[PDB]
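To start, the structure under review is shown below, and the notes come after it.
All heavy atoms count here, side chains included; hydrogens, waters and symmetry mates do not. For ligands, and for the atoms within them, numbers begin at 1 and follow the listed sequence. This chain uses plain numbering: 1 for the first residue, then up along the sequence.
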Amino acid sequence: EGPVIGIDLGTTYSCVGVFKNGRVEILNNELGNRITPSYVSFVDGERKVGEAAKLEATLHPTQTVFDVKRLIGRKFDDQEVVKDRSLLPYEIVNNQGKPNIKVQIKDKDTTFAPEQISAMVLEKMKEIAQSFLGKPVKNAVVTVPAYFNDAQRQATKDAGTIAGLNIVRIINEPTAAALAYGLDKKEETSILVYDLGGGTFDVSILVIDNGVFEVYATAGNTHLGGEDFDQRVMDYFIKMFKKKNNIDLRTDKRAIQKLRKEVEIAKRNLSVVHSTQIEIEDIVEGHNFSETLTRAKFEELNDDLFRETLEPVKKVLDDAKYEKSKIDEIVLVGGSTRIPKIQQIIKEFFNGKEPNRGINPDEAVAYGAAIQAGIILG
Ligand SMILES: Nc1ncnc2c1ncn2[C@@H]1O[C@H](COP(=O)(O)OP(=O)(O)O)[C@@H](O)[C@H]1O
Ligand SMILES: [Mg+2]
């Protein structure tokens with residue numbers, strides 16, 4: 001019936017798009033960003049969603065929730081949830097077989113199902129769409145990884161219900177990005193979707209035959225992405241600060257919070273320019289942090305992790321029994337595909353083959369979902 005919006009509900013960032021006047025508009029949040037962190041905090045009884053929540057992550061690790069997409073539709077006993085709980089800094093309890101996030105609210109223990117946190121992120125995406133369109137939004141197209149089972153797909157629809165959204169269709173993330181580049185109805189082609197995000201890495205082979213995408217092969221690394229590239233820069237500067245001033249910055253959380261924020265900005269900056277400056281006045285009492293980070297240094301610290309992304313690319317091609325030449329189209333997805341070195345490594349692997357270009361790679365999935373939303377509307 002009414003407006004239908006497309007939403008990219010990602011592990012680390014979220015993005016919303018609308019299809020109006022025969023084109024897609026990727027919407028800005030309160031801070032003027034087309035992307036919103038999938039973080040929720042409950043510090044001093046104040047619920048915050050997005051970048052305001054992401055900032056509390058270091059100072060308040062028990063009150064800040066994120067990476068809830070790794071728990072959604074799963075049992076506490078799942079092999080992947082056991083590996084994740086050991087990595088997540090906030091408390092995850094076993095609520096009679098189902099994982100629950102335990103936080104303190106008004107001095108009381110409060111438990112949330114993973115779909116309750118995801119719904120708070122969807123509530124923010126829905127509100128951005130409502131004030132932009134000037135109309136009530138109920139229907140939405142939401143994306144999910146191609147590997148997501150029936151439980152994970154339904155748990156996402158349930159997060160939508162809590163948020164007041166009727167998720168009319170759940171589509172695959174690599175199918176959404178290929179749709180964004182108008183690759184549907186290309187008749188007899190093979191598409192390789194290289195998706196490197198904040199926390200996960202996914203490679204998918206898509207085949208299009210009469211406007212219908214078939215997910216031919218998938219591979220990846222659930223613990224490889226952007227936040228890893230940060231940690232490597234983080235490690236380097238902590239080591240450097242220890243050898244210069246004899247102070248371990250890891251003991252001071254206010255110091256780690258300032259450095260973490262500056263490292264994320266510095267990394268982004270290196271995607272457009274070749275050098276950047278990290279300046280933090282009084283990182284600790286009586287010490288000013290001032291260091292240069294070159295694009296070259298950023299690449300040297302992450303080279304192994306960058307090339308590691310080619311291992312699942314080799315696997316999809318091997319599983320599909322494909323030569324490199326069989327790939328007709330390359331689609332880059334994820335905030336980390338903005339890294340000039342990552343683009344160069346994929347191009348070099350595909351012997352000079354240029355990928356598709358025209359959409360910000362962190363917005364391509366939400367762009368695809370809004371195209372799908374417009375098809376459903378008619
Ligand atoms: N300009 C950029 N250059 C490099 N990395 C970027 C840039 N923009 C975003 N990123 C990184 O992209 C990652 C998030 O990826 P994204 O695809 O948006 O989310 P998700 O993984 O949740 O699907 C973060 O690690 C972020 O720092
Ligand atoms: Mg994504």
Side-chain angles (χ1 to χ4, degrees), residues 6-17 26 29 31 33-40 50-51 53-55 57 66-70 72 117-118 121-122 124-125 142-148 156 170-180 193-204 218 220-234 260-274 276 293 295 298-299 301-302 305-306 309 331-345 359-370:
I7 299 83
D8 177 0
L9 179 69
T11 305
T12 58
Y13 284 86
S14 278
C15 179
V16 63
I26 298 302
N29 62 22
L31 294 152
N33 296 312
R34 315 230 159 181
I35 310 292
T36 313
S38 304
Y39 278 68
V40 185
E51 187 53 73
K54 185 172 173 169
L55 293 172
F66 64 93
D67 280 28
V68 136
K69 191 166 154 173
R70 298 186 177 276
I72 210 166
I117 304 301
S118 283
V121 176
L122 289 164
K124 192 187 194 77
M125 302 326 279
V142 170
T143 57
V144 296
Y147 59 77
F148 264 28
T156 307
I170 287 281
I171 63 161
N172 291 148
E173 287 164 14
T175 293
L179 232 193
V193 182
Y194 177 117
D195 192 339
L196 186 64
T200 78
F201 174 63
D202 296 297
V203 273
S204 313
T218 52
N221 192 331
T222 60
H223 300 283
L224 180 67
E227 77 195 20
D228 292 309
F229 313 149
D230 283 38
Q231 200 60 57
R232 287 289 180 87
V233 174
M234 209 68 189
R260 158 100 198 143
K261 182 214 171 223
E262 290 316 293
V263 159
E264 222 235 305
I265 296 160
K267 170 182 76 175
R268 254 83 152 269
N269 290 170
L270 295 170
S271 288
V272 44
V273 296
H274 291 251
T276 198
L293 186 70
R295 179 186 289 185
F298 174 72
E299 296 162 336
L301 298 163
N302 286 302
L305 305 171
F306 285 174
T309 75
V331 179
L332 307 190
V333 182
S336 316
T337 54
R338 285 203 191 215
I339 300 161
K341 194 81 211 177
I342 279 290
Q343 298 169 35
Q344 179 200 344
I345 287 156
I359 306 152
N360 288 346
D362 48 321
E363 293 164 37
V365 167
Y367 194 111

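Between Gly225 and ligand 1 there is no heavy-atom distance shorter than 4.0 Å.
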**OP:** Decide yes or no on salt bridge (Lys or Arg N to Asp or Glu O under 4.0 Å) for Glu299 and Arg295, but give the supporting numbers first.
**Re:** CA-CA 6 Å; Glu299 296 162 336; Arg295 179 186 289 185; 5.1 Å; no
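Between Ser271 and ligand 1, a contact under 3.5 Å exists for at least one N or O pair. Checking only distances, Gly10 never comes within under 3.5 Å of ligand 1, N or O to N or O. Checked against a 3.5 angstrom limit, the closest N/O atoms of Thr12 and ligand 1 fall inside it. Ligand 1 has an N or O atom lying under 3.5 Å from an N or O atom of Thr11, backbone or side chain. At least one N/O-N/O distance between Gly335 and ligand 1 falls below 3.5 Å.
Evaluated for a salt bridge (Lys or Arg N to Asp or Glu O under 4.0 Å) with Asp230, the options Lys267, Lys261, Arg268 yield exactly one hit, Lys267.
Of the protein's non-hydrogen atoms, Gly198 N, 2.8 Å is the one closest to atom 21 (O) of ligand 1. Shortest contact from atom 8 (N) of ligand 1 to any protein heavy atom: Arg268 NE, 3.6 Å.
Shown in contact with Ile339 at under 4.0 Å from a heavy atom are these atoms of ligand 1, numbered in order with element: 4 (C). Remark: ligand 1 atoms within the under-4.0 Å shell around heavy atoms of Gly197 are 13 (C), 14 (C), 15 (O), 17 (O), 21 (O). Every atom of ligand 1 is numbered from 1 in the order shown, and the set under 4.0 Å from a heavy atom of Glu264 is 26 (C), 27 (O). Using a 4.0 Å cut-off to heavy atoms of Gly226, the atoms of ligand 1 that qualify are 25 (O). Residue-ligand proximity, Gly334 to ligand 1, at heavy-atom distances under 4.0 Å covers atoms 17 (O). Within the listing of ligand 1, atoms 18 (O) sit less than 4.0 angstrom from a heavy atom of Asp362. Atoms of ligand 1 found under 4.0 Å from any heavy atom of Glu227, numbered from 1 in the order shown, are 25 (O).
Classified by interplanar angle (parallel below 30°, tilted 30° to 60°, perpendicular above 60°), the ring pair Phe229/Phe298 is perpendicular.
Compare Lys267, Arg338, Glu173 by their heavy atoms: the one nearest to atom 25 (O) of ligand 1 is in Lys267.
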